[PDB]
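Here the structure comes first, spelled out in structure tokens, and everything after it is commentary.
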Ligand SMILES: [Cu+2]
Ligand SMILES: [Cu+2]
Ligand SMILES: [Cu+2]
Ligand SMILES: [Cu+2]
Ligand SMILES: [Cu+2]
Ligand SMILES: [Cu+2]
Ligand SMILES: [Cu+2]
Ligand SMILES: [Cu+2]
Ligand SMILES: [Cu+2]
């Protein structure tokens, strides 16, 4: 239960894009990864540097309507303006009615709710989205975290057939956050790696009946995550991840999970010719 | 459990849609909420008041082919006709083979299966759908139940941007039944509220590893439900619910969960 | 953990189709059911009898990049060629750090990855798909296993309104393996029967909180499966399974689960 404070900016980027950043001129798509433990409060001093109204809306976490980020609750931000949004989180526990209050932990995301339409359609399209992870006490922490957003037919708003690729070494505990936005359903698939369809992506134990999958149907505003042990049972290699909707894969919704041997090498990776 | 009877009518509405109702002239879209406990048997004395054949088809519950509500099993209803549909339910238990037979309990739905096409495409389009909840012993009961149906691009057949809205007070245990129909996938989203992706929509305890979500992909004939504590950790307010497919929200697949303070007041909001 | 070997062939079929088989000239769509228990290894000696490159890619199981079936990892097969693919599987267990490694068990599937495109788009369209079941120790075995593949708008590449139908007797333990491919989402729906949305399709016991469903949204390359007791609580009947996407049911994405009395008859059928 720490109270934490950050600045965030929305900015226009080149080529008709928009993004969030931790400093002016440093906006990225996806936006910065926000990580909190259950019980933490985060105050985000948000500045809209753009010429259109913009907002910050978050899935999963606790907020009052004054931090809804909506036209409806008059909690977006005028051009050039500043607003502090507050996100709270809670741990799980038993209610006075005997039921179990689910905690805030999970794989969540934030995004704009007012650019283009009062649902943020244009803001989302242009890049105003990012990942938020809320951890539960005791959760295992990864060696690296990678964010994959399927935004209509693009991955992280990159051009078709441009990745992103992510590197690891065999044995690394690698976390993926997978967010979808826009108009289309997708199926997220990874070669060589599987996860549990539950909160953490890992089965809790032999009593966990969660389904174990390597392919998952997602639609706009869905978020999930998981951890894998890179190359577990499969070894090193260039391991594709892709949408499995066939025309989407063919049109470029593919990237590589590049898993190195501990000697540094990737089996089969031969970028250059050799004489003779 | 208990043996029960209701009357149900299919009616063409004054605006030309089609609805089920517990009485003549009182059809609604969605149709009336049916609620059963596992073991209960329900006999539905159904009358088709319309000029085309209509039927009653239920997900999840136990019925014989004579209550399939289909043409294939000769169990639709002629115009002006009557037929008694029987729905049974069972509790969970151990089979003699050692496996666990799942109970009937869940968030289910009924709909027409013969209006327009032999899959009820017309009937469903026009409003012939409704919720059924089968409860397990010990299930927690809510203060209120609200049914949200994404039927093609409409919510409960309401015009674009016309709700429905649902009102509650802070702290109320509110149940939602969420059913999809037609041609389109959607994603159901609620502002300010979350639930577990499991039978009841509530975690059973610290050992339940179910996903806790505020957004869920659904397709035709999917049904789920959940209960929230209205405004828990978030306060009173107009809390939007909407499809999160961007063009669908923009086209009007939005409504409000209006959570009031215990003095009846709400923070000011500015609706469409 | 047994080591098993099989042969597999990819063959062209009529109407521009393509399929896998366990014997030359016996290719089917879907391909043959492959069944393994956790820990088993399978070596598949694969021959591509066709005149274009083709491959074999599997979901869920353990393989090295030399068995990925992809151009990327130079593991497809040239026209008329042969290659041995190796699938391994593993049981669940605890890692040295105390975390739980999920097992390979599940309802999985295999398909082509290089016909038509580098994602096997044409291969899959034409019929190069089939089911693989990996069982865990103690799993209940069924009387029969039926495979239902929604491949674009066709079931098992059959023409509209042409089933397939599957027959059982009241009380039989019947397993379904349900795979989706291509471009479209679907909702898989069965009349008169329900299953748990977990690994086996049956709840593990009274503490399993998995949703119990009769309708499930699926997209390309999804796979799941379940077991039912045929007619349980509902009796004998012609019990439709269908996509519940209304135009898709109307256009023929429908079959029958024909559940017979012990005397062999069915109600008004
Ligand atoms: Cu919203
Ligand atoms: Cu896609
Ligand atoms: Cu959102
Ligand atoms: Cu049907
Ligand atoms: Cu929608
Ligand atoms: Cu239905
Ligand atoms: Cu692939
Ligand atoms: Cu379909
Ligand atoms: Cu695949």
Just name the residue that is farthest from ligand 1 (Cβ to nearest atom) out of those in the range C:97-111 that are over 17 Å from residue C:1 (Cα atoms) and in contact (Cβ under 8 Å) with a residue 40 or more places away in the chain. C:110
Of the conditions (1) over 30 Å from residue C:202 (Cβ atoms); (2) in a loop (DSSP other than H, G, I, E, B); (3) more than 9 Å from every other protein chain (Cβ to nearest Cβ), residue C:47 fails just one. Which one is it? (2)
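Only one of C:228, C:218 is within 26 Å of residue A:199 (Cα to Cα) and away from ligand 4 (no atom under 16 Å from the Cβ); which? Break it down into steps so the answer makes sense when it comes.
On the way: C:228 fails: within 26 Å of residue A:199 (Cα to Cα).
The unique qualifying residue is C:218.
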Report, by residue number, each residue of the range C:112-133 that is over 26 Å from residue A:233 (Cβ atoms), facing chain A (nearest Cβ under 9 Å) and touching a residue at least 12 places away in the same chain (Cβ under 8 Å). C:125
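Would it be correct to say that residue A:82 is surrounded by fewer than 24 Cβ atoms within 10 Å (Cβ to Cβ), over 19 Å from the mean Cα position of the chain (by Cα), away from ligand 7 (no atom under 16 Å from the Cβ) and over 30 Å from residue B:139 (Cβ atoms)? Full working, then the answer.
On the way: surrounded by fewer than 24 Cβ atoms within 10 Å (Cβ to Cβ): yes; over 19 Å from the mean Cα position of the chain (by Cα): yes; away from ligand 7 (no atom under 16 Å from the Cβ): yes; over 30 Å from residue B:139 (Cβ atoms): yes.
Judged against the criteria, residue A:82 is a match.
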Go through the range A:236-276 and give me each residue that's over 23 Å from the mean Cα position of the chain (by Cα) and closer than 12 Å to residue A:172 by Cα. A:236, A:260, A:261, A:262
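Take the residues in the range B:51-90 that are in a loop (DSSP other than H, G, I, E, B) and touching a residue at least 60 places away in the same chain (Cβ under 8 Å), then tell me which one is nearest to residue B:112 (Cα to Cα). Talk me through it step by step, then tell me what you get.
Here is the first cut: in the range B:51-90, the ones in a loop (DSSP other than H, G, I, E, B) are B:51-53, B:55-56, B:59-61, B:63-64, B:68-76, B:78-81, B:89-90.
Okay, now just the ones that are also touching a residue at least 60 places away in the same chain (Cβ under 8 Å), so B:52-53, B:55, B:59-61, B:89.
Values: B:52: 12, B:53: 10, B:55: 5, B:59: 11, B:60: 15, B:61: 15, B:89: 20 Å.
The residue in question is B:55.
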Give me the residue from the range B:227-240 that is more than 7 Å from chain A (Cβ to nearest Cβ) and in contact (Cβ under 8 Å) with a residue 60 or more places away in the chain and, out of that set, nearest to ligand 7 (Cβ to nearest atom). B:227
Can you confirm whether the range A:241-249 contains a residue that is more than 10 Å from ligand 2 (Cβ to nearest atom) and at the interface with another protein chain (Cβ under 7 Å from one of its Cβ atoms)? no
Can you tell me which residues in the range A:141-173 are within 14 Å of chain C (Cβ to nearest Cβ) and either away from ligand 2 (no atom under 16 Å from the Cβ) or in a strand (DSSP E or B) (or both)? A:141, A:142, A:143, A:150, A:165, A:170, A:171, A:172, A:173
Lone unmet requirement of (1) more than 14 Å from chain A (Cβ to nearest Cβ); (2) closer than 17 Å to residue C:126 by Cα for residue C:57: (1)
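Condition check: in contact with a helix residue (DSSP H, G or I) (Cβ under 6 Å, 6 or more places away or on another chain) and closer than 20 Å to residue A:221 by Cα. Does residue A:112 satisfy that? Step through it out loud before you land on a result.
Working: in contact with a helix residue (DSSP H, G or I) (Cβ under 6 Å, 6 or more places away or on another chain): yes; closer than 20 Å to residue A:221 by Cα: yes.
Considered against the rule, which asks whether it is in contact with a helix residue (DSSP H, G or I) (Cβ under 6 Å, 6 or more places away or on another chain) and closer than 20 Å to residue A:221 by Cα, residue A:112 comes out as yes.
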Can you find a residue that is away from ligand 7 (no atom under 16 Å from the Cβ), in contact with a helix residue (DSSP H, G or I) (Cβ under 7 Å, 6 or more places away or on another chain) and closer than 21 Å to residue C:222 by Cβ anywhere in the range C:127-150? no
Can you work out which of the residues in the range C:191-214 that are more than 8 Å from every other protein chain (Cβ to nearest Cβ) and in contact (Cβ under 8 Å) with a residue 60 or more places away in the chain is nearest to ligand 2 (Cβ to nearest atom)? C:200
Exactly one of C:98, C:116, C:138, C:103 is assigned to a loop (DSSP other than H, G, I, E, B), buried (at least 18 other Cβ atoms within 10 Å of the Cβ) and out of contact with any strand residue (DSSP E or B) (no Cβ under 8 Å at 6 or more places or on another chain), and that residue is C:116
When you look at residue C:136, is it over 29 Å from residue A:232 (Cβ atoms), more than 16 Å from ligand 1 (Cβ to nearest atom), in contact (Cβ under 8 Å) with a residue 40 or more places away in the chain and within 12 Å of another protein chain (Cβ to nearest Cβ), yes or no? no
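Is it the case that the range A:182-190 has a residue that's within 16 Å of ligand 1 (Cβ to nearest atom) and away from chain C (no Cβ under 12 Å)? Steps first, answer last, please.
If we filter the range A:182-190 for residues that are within 16 Å of ligand 1 (Cβ to nearest atom), which is where we start, we get A:182-183.
Narrowing further to those that are away from chain C (no Cβ under 12 Å): A:182-183.
Within the range A:182-190, one or more residues are within 16 Å of ligand 1 (Cβ to nearest atom) and away from chain C (no Cβ under 12 Å).
Before we move on, is residue A:150 over 30 Å from residue A:262 (Cβ atoms) and not assigned by CATH to the domain that holds residue A:111? Outline the logic, then answer.
Values: over 30 Å from residue A:262 (Cβ atoms): yes; not assigned by CATH to the domain that holds residue A:111: yes.
Against the criterion (over 30 Å from residue A:262 (Cβ atoms) and not assigned by CATH to the domain that holds residue A:111), residue A:150 qualifies.
FYI the Cβ positions are ideal-geometry reconstructions off the backbone, even for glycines, and counts take in every protein chain you see. What is reported rests on the model, the rules as stated and the sources as named; these are not laboratory values.
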